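These notes concern the structure reproduced below.
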Amino acid sequence: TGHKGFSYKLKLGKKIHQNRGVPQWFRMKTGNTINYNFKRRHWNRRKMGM
Amino acid sequence: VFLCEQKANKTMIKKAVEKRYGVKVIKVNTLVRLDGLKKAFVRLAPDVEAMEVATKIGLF
Amino acid sequence: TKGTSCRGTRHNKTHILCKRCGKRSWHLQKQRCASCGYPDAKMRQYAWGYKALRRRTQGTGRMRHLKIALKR
Amino acid sequence: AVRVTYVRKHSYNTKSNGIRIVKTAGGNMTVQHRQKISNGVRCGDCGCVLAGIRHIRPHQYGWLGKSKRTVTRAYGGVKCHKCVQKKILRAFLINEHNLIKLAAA
Amino acid sequence: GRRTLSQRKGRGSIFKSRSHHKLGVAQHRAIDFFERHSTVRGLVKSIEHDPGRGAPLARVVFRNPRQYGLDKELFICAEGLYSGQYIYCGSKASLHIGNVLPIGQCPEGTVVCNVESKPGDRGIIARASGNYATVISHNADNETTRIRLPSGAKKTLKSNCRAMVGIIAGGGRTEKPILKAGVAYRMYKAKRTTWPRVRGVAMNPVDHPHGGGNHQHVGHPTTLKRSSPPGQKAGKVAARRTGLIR
RNA sequence: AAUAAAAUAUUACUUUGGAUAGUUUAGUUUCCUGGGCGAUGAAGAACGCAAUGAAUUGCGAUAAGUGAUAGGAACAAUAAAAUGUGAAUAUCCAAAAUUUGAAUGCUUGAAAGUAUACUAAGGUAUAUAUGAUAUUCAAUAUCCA
RNA sequence: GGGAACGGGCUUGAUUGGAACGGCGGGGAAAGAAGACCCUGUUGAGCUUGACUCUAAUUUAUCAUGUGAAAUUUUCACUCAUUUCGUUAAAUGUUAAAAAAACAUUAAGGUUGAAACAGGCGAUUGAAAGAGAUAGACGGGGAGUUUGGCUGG
RNA sequence: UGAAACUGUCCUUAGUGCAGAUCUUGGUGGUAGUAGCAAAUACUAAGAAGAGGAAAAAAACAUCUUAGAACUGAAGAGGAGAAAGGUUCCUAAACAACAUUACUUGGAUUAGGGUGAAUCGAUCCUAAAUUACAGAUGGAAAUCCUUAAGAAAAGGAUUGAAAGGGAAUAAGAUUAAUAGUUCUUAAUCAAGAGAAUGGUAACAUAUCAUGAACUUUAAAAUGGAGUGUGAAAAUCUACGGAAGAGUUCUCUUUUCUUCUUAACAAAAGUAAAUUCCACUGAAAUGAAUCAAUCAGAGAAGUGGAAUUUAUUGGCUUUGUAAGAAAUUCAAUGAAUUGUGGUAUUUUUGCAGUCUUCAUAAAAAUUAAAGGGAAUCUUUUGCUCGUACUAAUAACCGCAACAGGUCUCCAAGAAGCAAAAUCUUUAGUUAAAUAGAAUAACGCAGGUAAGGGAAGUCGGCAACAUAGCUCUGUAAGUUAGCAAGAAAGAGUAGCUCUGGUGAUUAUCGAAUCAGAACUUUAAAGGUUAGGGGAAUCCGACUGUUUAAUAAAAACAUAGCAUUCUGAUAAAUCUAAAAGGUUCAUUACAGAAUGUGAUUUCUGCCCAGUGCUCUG
RNA sequence: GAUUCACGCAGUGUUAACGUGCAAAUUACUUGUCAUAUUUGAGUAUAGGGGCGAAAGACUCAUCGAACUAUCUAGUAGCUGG
């Protein structure tokens, strides 16, 4: 909604912050298997239930 | 336009800006961004030029 | 109209996040958490819920202060 | 015909959400928030609206001049002028009767 | 089977009284010295309509006899009372309509309403619209009087119970025939949820003991003992007679 | 009667798929030693902190780490700086330890908050039950001038 | 034709050039679904009822020690547990001494002004009622269960 | 082929040999380049960018600009919010995957940017309801109680509304995106800091002109219908112009666009309605409305007072404030911004009338009274929400699903009409792909010779009547209806005539009636009742098996029966100073049968129930 | 609690479309209805031998002649398949 509580907005901001990918430099480390963030979601693909 | 801690109010932000930079503040407007940082809009007294304060800070 | 049509009016939350367990199990009208048993002092645990016990219990978190004590 | 929108975030035509469409420069129509209709004072006895006191909100009498919220008369602002005349006659006539009834009848 | 609607009524979930716009509790003022050894004068400020009851209620205003201020009561209007009237309550009150007197100071054959069944309990009997009780006899031996209740029953009370002289207003309320289902719907605006009453025979065997088979009928006698358990107590309880009277 | 486009059959090579074989920083079971939490605030939850991080890991406004004691030359994806005048690393140690949570001044929904006292801001204390001591009281409850 | 008595395959015949396009609804006893009618099973569930066995609620008698009398054990009189109520626990008890929709308060050392005392705040019920235990009755309101076999279905 | 482990013999051990279990898990065929990619009227031309319209017509070509043609049609496919979503918002780069073709497009990928409040809300108050300490109950978990039980809280604790109540902000401009929030200008509110006159009277005086404890009154704060009317805005229209645009070989002194103004305050001029005050006393009864309604506890008349009318004081006007903004012209600078209406709609008040076995919230908070205790300038205004969609693509339905989801503003024509139909401002031309051919069988919309239900279980389906005006209208009936019964006549265009008012001849209202003439003889483009005679059921309005039954079923008013004096009846709970009807009291509460009105309810108490004063 | 039209709503008929659908109940026309026994938002109350029902055994999150979920439980099967 337009109106939201203070704590609820910060938990909304963190969900925005965690919807990012692996930085390129992290992918060039030796013996690295993490290429994509499998905890990714999109607004029109999955609702985050909060 | 500064970025401050969310746990600071317009009264403490106004005092801190004056103390840190030796200027006069007549108006503070704040908004809390989605990430968590509190963006503050600080307007300085008419006899203080804000453009020269920016060069001293480092924006120019 | 018990199927597709009746789902359009579902825009009112029943549960929201709980302060003690962080899950969306706080019943707004019952004023209690379906998962962690809020304001009730004891945590809500049952013997038939053995999987529920292995999901949230001791050792499932950081153990900020107990990890030093038992190591000591 | 220029169509307008609610300025505030209220979206329902409640009593407190009354609006008036006025015209402004260039043919633009803006939205004004209009006040509710209040009631005036009433006589404590006959329940008739008193004269000389405006019908405004209770907090607005604080902004009123000290002489614009009461009438210069005994029981002014709480009783009609007819409500007070009968009060005086009752106070006097009954006391007169009690002087001849008791006290050496 | 299920629980019959009579059982569900005792829980009080949707059957609670719709008492939100009600004026208050209609009763006499609390008994004190001035009501036991003197008289208090009350002024009938207004007559008002209490939702959910047929009789009007009077806002009487007594002065406080022990402190400085007022004392606002809420009486049931006797038929005849008007605004600005003075009413007197106490052991020495006159026998006028609207005055509250102990039941022992009223002559035989007098008519009282809002009688106290036990002294100081502020009115129990004869409170509905048009109803009244008549004083039958006194007994100075044990200070008890007999009154006739509006149902024809005779009751003995202590002689110091208070009562208001007269008839409760709003008489003839139930003589006007309701005509529309809508009007009966509006009758229970300030009452309980009981109006549209489904016949038990029209129900199913689970819901009611009358829930019949291929023909709508009861199948067993509808007169039951008083000791029937709740759930099967439907019909007529402890009935000594039935049929039409001649 | 006729052809081999389609159809069918076998082998080789390629393809789709991931069986089989080799392998294990993962489990299962038994046994041995303990069984060492919390109002000095636990377990749990949330939020935040890395030069470039989203998760995870470690940590708490002193932040992927501080002091001290051992330790002896590294780290690395890419840069920087510091470094035998002591880098990585380890610890039953010291300092520090955000919001909550039994959660405990009061309120708490996703609520933003807030009162008093002590020592403008900041920090402490104030829940309920309860043992002991001190102290101020209440009851003609028992006497009694 | 025979066959499990209505074959695409078997036997004997009729007949056949390989690949197919648009239609169509005869067949494939076409697809959808461990038949829902019927029967069997010592498989159930809803509902009914003096089916059997029970049970909540209701009811009745006895026990559970208030005093003081009187009769032949109910029958009474008090209150003292007890029941049900009312207020701001606001004059209880005993002595002394309907003419008027108005106002009514902070009184002219410390006691009167505004009387004293009771070991009861004021009524109500009352040793009965209620709850407990035991015993009889009632109790589809409710619980559990059963409702043989053979049989030209 | 493969590149680091493995084999034979004898004993011992076993999670030891698979074609089936609608077996489990995974992978893959025929079907099959098949069924499909067909609701929402629709796109075409030139240019730009791009690898991406080529060519023996390969007949189609995404995005952007211009032109043409269109659709939603203002109860919208417009402009904004509440819940829900959560970064979907904006910009740039970029197109592997995704949006049943493709995409340079995107609600898709990557990376940055964006949400500013003393006045808007939350915060404050209480409503239905909800939860604590102590107490009561329970074997227990825990339940009860919410002011009653308390050495607790002048009086009763916590929570409960972004639609209820509430101190105070408006106009213009500005951003790629925020704006009653920023900027300019102009205000407001709260908290502060520096024992009076006048009027007959109703009542009146930029603070004025003292007013404690205590008490009272009022406001916040209260249904609906319908009628009349004041005012504003919008639409329409009259007079007078200014500026610009369209048409112009056929005419048109013509058609079209602009001519504006805020919060807060002032008081030249001037309204409607209601209630009171003074003089006088009404009958030959007057006064007044659309309707009513009122009068010797006093009408009408005259003269006054008060309140309401979207901020001060309703409208015009004024400060604000023309310096803004709109329309033009020139290359920043110049021009203008009258007055009306006995028209319609909306909004907003007001006035009385009707209606209820319905009477249609409370608190925070404020003012006044009774009483007589006492003797202009300046400072501050904290915390949180604020982006975006709000839906034929941002929400819920597995999705860019023809389903569902609460509101605000609302133009012209035409008509009784917010109806169907067409257009203006705004939005969009894409919203699961096209091109060619024009077979059968289909889905949707139609027509038909003669006959006219002969079809069929059945006039199912379709056809048919249809607006308005006038005449006329049966049996039956609860006397209200049936009734728009049935039936018959008229209706167009053009040119005229009369009626219905206001001010003292001019001005205006669409409405009714009438007359000649002409024609394709006229409601019918759209919208728009088939009718009659009977029988059965239910009396009626109403409700019902979400998803095969909408009915004769349920309800209903009416009739009737039973119990109950309230410490009761019914009845929830394991229990309970526990709970519901009950803020109650027989005209009431509880439990049942029948089903409006009219008429009538016959006989039976043996059986089973129930009851008894035996 | 009169007759109708409209914004809406429902679901009488076609037993039309569709029936591996736009849709796990929808579409088109027709019909009925379209303010007082009316429609509707948010808040709040009622919970499984329970609730709620103008009564269809209807509704209680696509689940109802007894919801959903986990445990007893690898319930038992003289029956069926391997």
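All Cβ positions, even for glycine, are placed from backbone atoms using ideal geometry, and neighbour counts span all protein chains on display. Every read-out reported here was derived from the displayed coordinates using simple, explicitly stated rules and does not represent laboratory data.
For a quick check of your reading of the model, give me the residue pairs whose first member lies in the stretch E:72-96 and is free of Cβ contacts under 8 Å to residues at least 40 places away in the same chain, whose second is among the β-branched types (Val, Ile, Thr), with beta-carbon atoms closer than 8 Å and at least 6 apart or on different chains.
Close Cβ pairs (under 8 Å, with a partner that is among the β-branched types (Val, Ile, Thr)) amount to E:72/E:60; E:72/E:61; E:82/E:44; E:82/E:47; E:83/E:44; E:83/E:47.
What's the number of the condition residue D:68 fails, among (1) away from chain A (no Cβ under 14 Å); (2) within 16 Å of RNA strand F (Cβ to nearest atom)?
(2)
Out of everything in the stretch E:193-203 that is assigned to a loop (DSSP other than H, G, I, E, B) and within 6 Å of RNA strand H (Cβ to nearest atom), what residue ends up being surrounded by the fewest Cβ atoms within 10 Å (Cβ to Cβ)? Give the steps one after another, and end with the answer.
Taking the stretch E:193-203 first, the residues assigned to a loop (DSSP other than H, G, I, E, B) are E:193-199, E:203.
Pick out the ones that are also within 6 Å of RNA strand H (Cβ to nearest atom) and you get E:194, E:196-199.
Values: E:194: 10, E:196: 9, E:197: 7, E:198: 10, E:199: 9.
Ranking the qualifying residues of the stretch E:193-203, first place goes to E:197.
Yes/no matrix, rows are residues, columns are (1) farther than 30 Å from residue E:85 by Cα; (2) not in a loop (DSSP other than H, G, I, E, B):
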residue	(1), (2)
D:4	yes, no
D:7	yes, no
D:12	yes, no
D:20	yes, yes
D:40	no, no
D:46	no, no
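Name every residue in the stretch E:3-25 that is within 21 Å of the chain's Cα centre (by Cα) and not in a loop (DSSP other than H, G, I, E, B), in order of residue number.
E:9
Residue E:69 passes all but one of (1) within 12 Å of RNA strand G (Cβ to nearest atom); (2) on the phi > 0 side of the Ramachandran plot; (3) touching a residue at least 24 places away in the same chain (Cβ under 8 Å); which number fails?
For residue E:69, the exception is condition (3).
Does the stretch B:34-45 hold any residues that are loosely packed, with under 15 Cβ neighbours inside 10 Å, in contact (Cβ under 8 Å) with a residue 12 or more places away in the chain and not in a strand (DSSP E or B), and which are they? Step through it out loud before you land on a result.
Let us first name the residues in the stretch B:34-45 that are loosely packed, with under 15 Cβ neighbours inside 10 Å, namely B:34-36, B:39, B:41, B:43, B:45.
Adding the requirement that they be in contact (Cβ under 8 Å) with a residue 12 or more places away in the chain leaves B:36, B:39, B:41, B:43, B:45.
Hits for the stretch B:34-45 are B:36, B:45.
Go through the stretch A:1-22 and give me each residue that's of a type in the set (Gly, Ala, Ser) and loosely packed, with under 12 Cβ neighbours inside 10 Å. Please lay out each step first, then the result.
Taking the stretch A:1-22 as the starting set, the residues that turn out to be of a type in the set (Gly, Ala, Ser) are A:2, A:5, A:7, A:13, A:21.
Across the stretch A:1-22, the qualifying residues are A:2, A:5, A:7, A:21.
Return the residues of the stretch E:220-238 that are surrounded by fewer than 12 Cβ atoms within 10 Å (Cβ to Cβ) and farther than 17 Å from residue E:5 by Cβ; say none if nothing qualifies.
Residues of the stretch E:220-238 surrounded by fewer than 12 Cβ atoms within 10 Å (Cβ to Cβ): E:220-221, E:225-227, E:229-230, E:238.
Once the filter is applied, which keeps residues that are surrounded by fewer than 12 Cβ atoms within 10 Å (Cβ to Cβ) and farther than 17 Å from residue E:5 by Cβ, the stretch E:220-238 yields E:220, E:221, E:225, E:226, E:227, E:238.
Out of all the residues in the stretch A:23-46, is one or more exposed (fewer than 10 other Cβ atoms within 10 Å of the Cβ), within 12 Å of another protein chain (Cβ to nearest Cβ) and part of a loop (DSSP other than H, G, I, E, B)? Even if it seems obvious, please write down each step before you answer.
Step one: filter the stretch A:23-46 for residues exposed (fewer than 10 other Cβ atoms within 10 Å of the Cβ), giving A:23-25, A:28-31, A:33, A:36, A:38-39, A:42-46.
From the residues that got through so far, the ones that are within 12 Å of another protein chain (Cβ to nearest Cβ) too are none.
No, the stretch A:23-46 contains no residue that is exposed (fewer than 10 other Cβ atoms within 10 Å of the Cβ), within 12 Å of another protein chain (Cβ to nearest Cβ) and part of a loop (DSSP other than H, G, I, E, B).
Closer than 22 Å to residue A:48 by Cβ, out of contact with any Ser or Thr (no Cβ under 7 Å at 6 or more places or on another chain) and more than 8 Å from RNA strand F (Cβ to nearest atom): is that true of residue C:54 in this structure? Quick ask: steps written out before the conclusion?
Values: closer than 22 Å to residue A:48 by Cβ: no; out of contact with any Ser or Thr (no Cβ under 7 Å at 6 or more places or on another chain): yes; more than 8 Å from RNA strand F (Cβ to nearest atom): yes.
Answer is no for this residue.
I need the full set of residues from the stretch E:212-246 which are more than 7 Å from RNA strand G (Cβ to nearest atom) and touching a helix residue (DSSP H, G or I) at 6+ places or on another chain (Cβ under 8 Å), in order please.
The answer is E:212, E:216, E:217, E:218, E:233, E:234.
Residue-by-condition table, conditions (1) among the polar types (S, T, N, Q); (2) in a loop (DSSP other than H, G, I, E, B); (3) exposed (fewer than 12 other Cβ atoms within 10 Å of the Cβ):
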site: E:141; (1), (2), (3): no, yes, yes
site: E:150; (1), (2), (3): no, yes, no
site: E:164; (1), (2), (3): no, no, no
site: E:205; (1), (2), (3): no, yes, no
site: E:209; (1), (2), (3): no, yes, no
site: E:214; (1), (2), (3): yes, yes, yes
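Can you find a residue in the stretch B:40-48 that is under 23 Å from residue A:5 (Cα atoms) and within 14 Å of another protein chain (Cβ to nearest Cβ)?
Taking the stretch B:40-48 first, the residues under 23 Å from residue A:5 (Cα atoms) are B:40-41.
Those left that are additionally within 14 Å of another protein chain (Cβ to nearest Cβ): none.
No, the stretch B:40-48 contains no residue that is under 23 Å from residue A:5 (Cα atoms) and within 14 Å of another protein chain (Cβ to nearest Cβ).
If you check A:4, A:15, which single one turns out to be within 14 Å of chain B (Cβ to nearest Cβ) and part of a helix (DSSP H, G or I)?
On the way: A:4 fails: part of a helix (DSSP H, G or I).
On inspection, the qualifying residue turns out to be A:15.
Which of the residues spanning the stretch E:32-56 are hydrophobic (A, V, I, L, M, F, W, C) and within 21 Å of the chain's Cα centre (by Cα)?
Looking only at the stretch E:32-56, we keep the residues that are hydrophobic (A, V, I, L, M, F, W, C), and these are E:33-34, E:40, E:43-44, E:47, E:55.
Residues satisfying the conditions are E:47, E:55.
Within the stretch C:22-72, work out how many residues are within 14 Å of chain A (Cβ to nearest Cβ), out of contact with any strand residue (DSSP E or B) (no Cβ under 8 Å at 6 or more places or on another chain) and within 14 Å of RNA strand I (Cβ to nearest atom).
Keep residues of the stretch C:22-72 that are within 14 Å of chain A (Cβ to nearest Cβ), which gives C:22-26, C:28, C:35.
With the extra rule that they be out of contact with any strand residue (DSSP E or B) (no Cβ under 8 Å at 6 or more places or on another chain), the set shrinks to C:22, C:35.
If we keep only those that are within 14 Å of RNA strand I (Cβ to nearest atom) too, we end up with C:35.
Selection size over the stretch C:22-72: 1.
With the condition kept exactly as written, say whether any residue in the stretch E:26-43 is near RNA strand G (Cβ under 9 Å from one of its atoms), of a type outside the set (D, E, K, R), in contact with a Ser or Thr (Cβ under 8 Å, 6 or more places away or on another chain) and part of a strand (DSSP E or B).
No, the stretch E:26-43 contains no residue that is near RNA strand G (Cβ under 9 Å from one of its atoms), of a type outside the set (D, E, K, R), in contact with a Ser or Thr (Cβ under 8 Å, 6 or more places away or on another chain) and part of a strand (DSSP E or B).
Pull up the stretch D:76-105, narrow it to residues that are closer than 27 Å to residue D:37 by Cβ and not small (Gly, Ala, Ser), then point me to the one that is nearest to RNA strand I (Cβ to nearest atom).
Filtering the stretch D:76-105 down to residues closer than 27 Å to residue D:37 by Cβ leaves D:76-83.
So of that shortlist, the ones also not small (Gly, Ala, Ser) come out as D:78-83.
Working: D:78: 37, D:79: 38, D:80: 36, D:81: 40, D:82: 38, D:83: 37 Å.
Only one residue fits best here, namely D:80.
Of everything in the stretch E:60-74, what is of a type in the set (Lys, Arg) and within 9 Å of RNA strand H (Cβ to nearest atom)? Give them in sequence order. First the steps, then the outcome.
Keep residues of the stretch E:60-74 that are of a type in the set (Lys, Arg), which gives E:63, E:66, E:72.
Of everything in the stretch E:60-74, just one residue is of a type in the set (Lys, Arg) and within 9 Å of RNA strand H (Cβ to nearest atom), namely E:72.
Name the one entry in D:34, D:20, D:8 that is within 14 Å of chain A (Cβ to nearest Cβ) and over 30 Å from residue D:87 (Cα atoms). Break it down into steps so the answer makes sense when it comes.
On the way: D:34 fails: within 14 Å of chain A (Cβ to nearest Cβ); D:20 fails: within 14 Å of chain A (Cβ to nearest Cβ).
Checking each option against the conditions leaves just D:8.
Would you point out the residue of the stretch E:216-246, among those that are part of a loop (DSSP other than H, G, I, E, B) and β-branched (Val, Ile, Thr), that is nearest to residue E:2 (Cα to Cα)? Walk me through it before giving the result.
Here is the first cut: in the stretch E:216-246, the residues part of a loop (DSSP other than H, G, I, E, B) are E:216-222, E:225-235, E:238-246.
Among the residues that remain, those that are also β-branched (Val, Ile, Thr) are: E:218, E:222, E:242, E:245.
Working: E:218: 18, E:222: 20, E:242: 29, E:245: 36 Å.
Looking at residues that are part of a loop (DSSP other than H, G, I, E, B) and β-branched (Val, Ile, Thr), I get E:218.
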